[PDB]
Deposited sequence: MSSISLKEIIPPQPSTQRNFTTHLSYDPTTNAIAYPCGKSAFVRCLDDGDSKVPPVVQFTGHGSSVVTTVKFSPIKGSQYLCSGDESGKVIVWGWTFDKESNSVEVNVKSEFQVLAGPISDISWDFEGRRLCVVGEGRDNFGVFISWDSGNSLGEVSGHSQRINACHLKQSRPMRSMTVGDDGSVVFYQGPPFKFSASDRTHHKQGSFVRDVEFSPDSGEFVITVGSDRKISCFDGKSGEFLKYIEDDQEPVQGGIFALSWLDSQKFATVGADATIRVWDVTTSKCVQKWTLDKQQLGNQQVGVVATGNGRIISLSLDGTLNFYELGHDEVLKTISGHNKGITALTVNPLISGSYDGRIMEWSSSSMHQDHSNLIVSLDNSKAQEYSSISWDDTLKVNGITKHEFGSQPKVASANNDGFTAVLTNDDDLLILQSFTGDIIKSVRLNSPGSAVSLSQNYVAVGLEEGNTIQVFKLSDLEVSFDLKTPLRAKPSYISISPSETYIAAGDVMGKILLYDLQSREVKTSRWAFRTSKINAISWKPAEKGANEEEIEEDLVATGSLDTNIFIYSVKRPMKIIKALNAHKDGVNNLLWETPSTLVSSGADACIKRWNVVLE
């Protein structure tokens, strides 16, 4: 009996308005690396079948949000380096398929580089040296060895935050750090030492967002920023050569990033939702692609050349846009979440995060209608879905059908087109999911922290004494109390499909199984989790008797308990970093989970 990972739908790259998201690409594995929340991801761009893991997730930064992730330049080393807001940089490696037939991530080294957040990281061409930058205390960056962390020079010439850096990928070695107040600094080394600064070519007060030496001999170094200027310097002497400008193509928005496709051409991306490919020698824009400027999410905040004329651009809305020099049309777009997933539905698969974003995976439709945490999703009506959010609205297919007088804390929908909601004013509301009309309501005796709606009942977890009250869906004046209460505030409740049982967990990790009809406890032997229970879902028959119940908690784990054998547990550890939020049976033999890491995972459940 087991639960094995079947598929991982990674999140999109994290993004911030007015900030660049530095991406990374590896030719050998044809993968891109990027941060999202407290994790660093490596996504393979391949299709069909390959030897490369579809996804590699690194959670070693713990409680610190990851800022950047960079592949080592050494082919096949399978090493990477990432930094976080706490100012810590980590060198780690992965391995896939062996005795385990799974991915293994190992920290090779870690150093506390800066006080404040790290903004960018760069490897030397040997993959043994690192230029780490950001904004610490009286120190905005360093040059260190990848293994011991010893200093290999100094970052200087900056009185403000450094936004990007890059090391010439060849001898003689040179470096460039770029930052706020239009500051740019050239270095020679190792040991990397200040060579010259420049604050005349980029407007003062401007944000110089990115820098990169041309490939091969690195004869050129280019810097770009919010002042929409493209500065070209000599890759060895650091002298200013000229601005890259084409009178037939004015840059209309602040630039966020660049990336060379080869030794003569490079792409720039900015707030004007335009991707441009420039030729350094002629200074002409040989290619460009645009998106509707009227949509804030279309701003391009990151970009990376992926070999042979291919380019991947990152939109502010987290979407990855695929282009190819010589083809005037975008090849494809990949969208998704980059914020914790708080709501899930199955058949069809629909997800919602804490920023209000909803994903319709059947049609790859991404929505940004809601503006806050998605409380619940209902897909009981053919081709439609109803969502509730902390923005105080209920929307049907992205259209507001009800405005909440009180913020909905939690909610649960059955299969008949109804949804039970618990508000901040302690009211239990029953709404017609696809019309938005409140059909009936009752004021709870105390605040409610969890609700489960079955065909005929409404189970509510009361914060007063952590008790569970069960109402008749047909008459909210009629209810009964489960004899035994939980030991802490109810966190999640789930009435069995036949309504024979009611599983209920609390914020401590305790889960109790009740016999709905006798309102008595049937078993209290289900292992304590020492962590908040976030999801409970009953397994459907392919024997028809209810038994196995999947559960996820803040302890990142997935425990499938058994009514019949309370001591029998099939589990999958480390399902989601910072906790499994939703869990459902897409199939009698397959589970789908989602977590605070903004990932959605499918699992095969084998009873053997």
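Item to complete: Note down, first to last, the deposited-sequence stretches for which the model contains no C-alpha atom.
Response: No C-alpha coordinates exist for 1, 544-549.
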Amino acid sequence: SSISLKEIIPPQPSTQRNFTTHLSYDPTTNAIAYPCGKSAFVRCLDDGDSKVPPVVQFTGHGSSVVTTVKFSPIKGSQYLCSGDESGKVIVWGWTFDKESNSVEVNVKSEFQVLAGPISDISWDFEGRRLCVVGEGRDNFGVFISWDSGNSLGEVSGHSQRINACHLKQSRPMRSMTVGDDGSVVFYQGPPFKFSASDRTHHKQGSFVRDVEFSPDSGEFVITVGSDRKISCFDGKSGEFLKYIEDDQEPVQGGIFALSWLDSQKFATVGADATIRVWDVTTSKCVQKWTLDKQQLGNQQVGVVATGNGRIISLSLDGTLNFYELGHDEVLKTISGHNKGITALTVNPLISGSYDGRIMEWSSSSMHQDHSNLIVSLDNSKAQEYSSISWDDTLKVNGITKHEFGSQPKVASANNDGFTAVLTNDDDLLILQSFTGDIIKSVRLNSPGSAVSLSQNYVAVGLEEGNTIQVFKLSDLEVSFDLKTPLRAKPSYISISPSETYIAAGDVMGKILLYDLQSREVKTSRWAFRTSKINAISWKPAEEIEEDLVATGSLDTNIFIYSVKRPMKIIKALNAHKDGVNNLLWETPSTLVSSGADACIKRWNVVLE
From here on, numbers count along this sequence of modelled residues.
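Fill in: Of 470-478 and 316-324, the one with larger mean CA B-factor
Looking at the record's C-alpha B-factors, the answer is 470-478.
Discussion item. So, looking at the entry's B-factor column for Cα atoms, which has the higher mean, 151-159 or 365-373?
Written reply: According to the PDB entry, the answer is 151-159.
Worksheet item: Of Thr587, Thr20, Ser24, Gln12, which one's C-alpha B factor is largest in the deposited record?
Response: Among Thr587, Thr20, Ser24, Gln12, the highest C-alpha B-factor in the entry belongs to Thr587.
Discussion item. Just the C-alpha B-factor column, please: which of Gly461, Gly270, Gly465, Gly352 has the biggest number?
Written reply: Across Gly461, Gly270, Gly465, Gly352, the entry lists the biggest C-alpha B-factor for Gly465.
Fill in: CA B-factor ranking of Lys229, expressed as a third of its chain
It belongs to the middle third of the chain when residues are ordered by C-alpha B-factor.
Item to complete: Comparing against every modelled residue in the chain, figure out the third that the C-alpha B-factor of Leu591 lands in (lowest, middle or highest).
Response: As the PDB entry reports it, the C-alpha B-factor of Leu591 lands in the highest third of its chain.
Worksheet item: What third of the chain, by the recorded C-alpha B-factor, contains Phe434?
Response: For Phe434, whose C-alpha B-factor we compare with every modelled residue in the chain, the answer is the middle third.
Discussion item. Please place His402 in the lowest, middle or highest third of its chain according to the CA B-factor in the PDB entry.
Written reply: Tercile = middle for this residue's CA B-factor.
Fill in: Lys409 - Cα temperature factor, lowest/middle/highest third of chain
According to the entry, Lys409 has a C-alpha B-factor in the chain's middle third.
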